[PDB]
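Below is one structure, written out as structure tokens; comments come after it.
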Amino acid sequence: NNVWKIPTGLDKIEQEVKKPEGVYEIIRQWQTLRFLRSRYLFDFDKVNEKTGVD
Amino acid sequence: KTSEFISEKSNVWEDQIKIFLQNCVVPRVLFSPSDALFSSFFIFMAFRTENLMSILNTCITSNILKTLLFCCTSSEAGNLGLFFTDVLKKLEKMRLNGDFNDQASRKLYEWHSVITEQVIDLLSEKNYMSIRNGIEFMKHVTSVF
Amino acid sequence: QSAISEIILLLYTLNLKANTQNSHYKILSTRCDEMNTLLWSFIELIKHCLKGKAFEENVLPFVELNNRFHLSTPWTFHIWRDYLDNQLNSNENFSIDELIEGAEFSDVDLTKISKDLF
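Chains as they are written, first to last, in the deposited numbering: chain A, 529 to 553, 576 to 604; chain B, 1006 to 1018, 1024 to 1155; chain C, 828 to 945.
Listed below in structure tokens is the structure:
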């Protein structure tokens, strides 16, 4: 009964994502890079195995 | 029919040379292999020699390969490796066909040196991701080097 | 019970939440890639079995996919390119930029680029 009480519908899968823009203050760098690969690719030389140079 | 289309389209057409790589060929290549092969084939047979050389020079240099091979997953690295194998095989066949001799010698050797430096640099890092990525990418590209 | 669109959207938006977890990278990369391959294979099955009008009936048409849910453009085209090419080739009545009209193309920034080339 529990697993059949879960609400299923098109209105619930929307779960809108986070906008590409990321504000400026080894997995965290990986995630931030995966997310920024689309917007600002050519500003990538600054990474160089270090903290994200903003 | 498609080549007829691409004829007029090429009659039609750095900022564009930047955004093209940014939102059109890099997203397409990191997909399944067929998308990579197709980005390779469409890079040629769709542009003039001048603009083509400029685009390839803007992609090879500017130090994008090093990090972009850190970010992506394993299979995405394999796909990008297939794309570089295809583009370099075609470039080397074009060279060994003597068509490009005037100044393409120096520029081609500069490209080879810059790619060698980038791979040699990325292949030397402490993380596990960079090592596995570099290994897969070279396992694809070393066939024609 | 019309599960097709719900399942595709679920698989996609699940791989993202899998991307935002915390663990050893040696398992994170493999998990993300495994989910990606599963979604690709599911869509290959769907395109293999549902053809003609049943596809356009139960596969959530393009503009909604790209404007309401904000799918990344490569997946959108990976679904719709075969059907668009079929409707374009035989029925030469319609034309591209019309059968895909209205799409916001959100991450693209269509400024400073010819939509023809895109």
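Cβ coordinates follow ideal geometry from the N, Cα and C atoms, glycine included.
Would you tell me roughly how many angstroms separate the C-alpha atoms of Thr840/C and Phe1030/B, rounded to the nearest one?
Here residue 840/C is taken as the residue at index 13 of the third sequence, counted from 1. Here residue 1030/B is taken as the residue at index 20 of the second sequence, counted from 1. Between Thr840/C and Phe1030/B, the C-alpha separation is close to 27 angstroms.
Against chain A, with Cβ distances strictly below 8 angstroms, would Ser1064/B count as a contact?
As a working mapping, residue 1064/B is identified with position 54 in the second sequence. Closer than 8 angstroms: no.
Enclosing alpha helix (DSSP H) for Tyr852/C [first to last residue]:
Locating residue 852/C in the third sequence gives position 25, counting from the first residue. Note, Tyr852/C: alpha helix (DSSP H), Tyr852 to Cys876.
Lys596/A, DSSP secondary structure in three states
Start at 1 with the first residue of the first sequence, and residue 596/A comes out as number 46. For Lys596/A, the three-state secondary structure derived from DSSP is coil.
Got a sec: is the Cβ-Cβ distance from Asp934/C to anything in chain A below 8 angstroms?
Your numbering for residue 934/C matches position 107 in the third sequence. Chain A, which has a Cβ nearer than 8 angstroms to the Cβ of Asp934/C, makes this yes.
Could you give the first and the last residue of the continuous alpha helix (DSSP H) run that contains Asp1096/B?
In the second sequence, residue 1096/B corresponds to position 86, counting from 1. Start and end: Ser1084 to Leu1106.
Going by other Cβ atoms of all chains shown within 10 Å of its Cβ, with 16 needed for buried, is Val890/C buried or exposed?
Position 63 of the third sequence, counted from the first residue, corresponds to residue 890/C. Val890/C is exposed by the Cβ-count criterion.
Can you pull the chain B neighbours of residue 557/A, defined as C-beta to C-beta under 7 angstroms?
Missing here is residue 557/A: after 553, the next number in chain A is 576.
Pairs of beta-carbons, one from the stretch 1120-1139 of chain B and one from the stretch 1067-1087 of chain B, closer than 8 angstroms: are there three or more?
yes
Report yes or no: is there a C-beta of chain C within less than 8 angstroms of the C-beta of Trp532/A?
Taking the first residue of the first sequence as 1, we reach residue 532/A at position 4. No, no contact with chain C.
Out of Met1063/B, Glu1009/B, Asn1061/B and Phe1094/B, which one is the CA nearest neighbour of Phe1048/B?
The sequence position of residue 1048/B within the second sequence is 38, counting from 1. Of the candidates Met1063/B, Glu1009/B, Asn1061/B and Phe1094/B, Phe1094/B places its Cα closest to the Cα of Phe1048/B.
Given 8 angstroms, three or more beta-carbon pairs between the stretch 834-853 of chain C and the stretch 1144-1155 of chain B:
They do not touch, by the three-pair rule.
Determine, using beta carbons only, whether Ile873/C and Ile831/C come nearer to each other than 8 angstroms.
As a first step, residue 873/C must be located in the third sequence, where it is residue number 46. As a first step, residue 831/C must be located in the third sequence, where it is residue number 4. A contact, by the Cβ cut-off of 8 angstroms.
Are any of the Cβ atoms in chain C nearer than 8 angstroms to that of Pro1037/B?
As a working note, residue 1037/B is residue 27 in the second sequence. With 8 angstroms as the cut-off, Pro1037/B counts as an interface residue toward chain C.
Using 10 angstroms around the beta-carbon of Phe1041/B, count the other beta-carbons present and answer buried if the total reaches 16, otherwise exposed.
Here the question's residue 1041/B lines up with position 31 in the second sequence. Buried is the call here.
Would you please verify whether the beta carbon of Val1017/B is less than 8 angstroms from any beta carbon of chain C?
Taking the first residue of the second sequence as 1, we reach residue 1017/B at position 12. Cβ-Cβ to chain C under 8 angstroms: yes for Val1017/B.
What are the start and end residues of the alpha helix (DSSP H) that includes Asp1025/B?
Here the question's residue 1025/B lines up with position 15 in the second sequence. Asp1025/B -> alpha helix (DSSP H) spans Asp1025 to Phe1030.
Give the residues of chain C in contact with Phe1041/B, contact being defined as C-beta atoms less than 7 angstroms apart.
What you label residue 1041/B is simply residue 31 of the second sequence in a count that begins at 1. Those are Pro901, listed as they occur along chain C.
Is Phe1080/B near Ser1140/B, with beta carbons less than 8 angstroms apart?
Counted from its first residue, the second sequence places residue 1080/B at position 70. Counted from its first residue, the second sequence places residue 1140/B at position 130. Cβ distance < 8 angstroms, so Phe1080/B and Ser1140/B count as in contact.
Suppose you measure from the CA of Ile1145/B to the CA of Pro901/C; what does that come to, to the nearest Å?
Within the second sequence, numbered from 1, the residue matching residue 1145/B stands at position 135. Within the third sequence, numbered from 1, the residue matching residue 901/C stands at position 74. Roughly 27 angstroms between the two C-alpha positions.
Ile927/C, DSSP secondary structure in three states
Here the question's residue 927/C lines up with position 100 in the third sequence. Coil, per DSSP.
Is it true that the CB of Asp860/C sits closer than 8 angstroms to the CB of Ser1050/B?
Locating residue 1050/B in the second sequence gives position 40, counting from the first residue. Locating residue 860/C in the third sequence gives position 33, counting from the first residue. Taking 8 angstroms as the Cβ cut-off, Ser1050/B and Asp860/C do not qualify as a contacting pair.
Is the beta carbon of residue 566/A less than 8 angstroms from the beta carbon of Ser1012/B?
The model contains no atoms for residue 566/A, which sits in the stretch where chain A goes from 553 to 576 directly.
Nearest to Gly929/C by CA position, among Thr864/C, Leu892/C, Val886/C and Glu884/C, is which residue?
As a working mapping, residue 929/C is identified with position 102 in the third sequence. Of the candidates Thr864/C, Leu892/C, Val886/C and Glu884/C, the one whose C-alpha sits nearest the C-alpha of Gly929/C is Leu892/C.
Would DSSP call residue 1021/B helix, strand or coil?
Examination of chain B shows a numbering gap from 1018 to 1024; residue 1021/B is inside it and therefore has no coordinates.
Looking at the structure shown, is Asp912/C part of a helix, part of a strand, or coil, going by DSSP?
Along the third sequence, one-based indexing puts residue 912/C at 85. Here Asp912/C sits in helix by DSSP.
Between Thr582/A and chain C, is any beta-carbon pair separated by less than 8 angstroms?
What you label residue 582/A is simply residue 32 of the first sequence in a count that begins at 1. It does not; no Cβ of chain C falls within 8 angstroms.
Once the 5 residues before and after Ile1125/B are set aside, which same chain residues still bring their CB inside 7 angstroms of it?
What you label residue 1125/B is simply residue 115 of the second sequence in a count that begins at 1. In its chain, beyond the 5 residues on either side, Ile1070 have a beta carbon closer than 7 angstroms to the beta carbon of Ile1125/B.
For the alpha helix (DSSP H) that contains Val1036/B, what are its first and last residues?
Here residue 1036/B corresponds to residue number 26 of the second sequence, with the count starting at 1. Per DSSP, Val1036/B belongs to the alpha helix (DSSP H) from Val1036 to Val1039.
Residue range of the alpha helix (DSSP H) that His1122/B falls in?
Locating residue 1122/B in the second sequence gives position 112, where the first residue counts as 1. Following the DSSP letters along the chain, one finds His1122/B inside the alpha helix (DSSP H) bounded by residues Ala1114 to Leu1132.
Decide if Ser856/C is buried, meaning its Cβ has at least 16 other Cβ atoms within 10 Å, or exposed.
Counting from one through the third sequence, the residue named residue 856/C turns up at place 29. With 16 or more other Cβ atoms within 10 Å, it is buried.
Mind checking whether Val1097/B and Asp943/C have CB atoms under 8 angstroms apart?
The sequence position of residue 1097/B within the second sequence is 87, counting from 1. The sequence position of residue 943/C within the third sequence is 116, counting from 1. No, these two residues do not count as a Cβ contact at 8 angstroms.
Comparing the C-beta of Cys859/C with each C-beta of chain B, is any distance below 8 angstroms?
Taking the first residue of the third sequence as position 1, residue 859/C is located at position 32. Yes, its Cβ sits closer than 8 angstroms to a Cβ of chain B.
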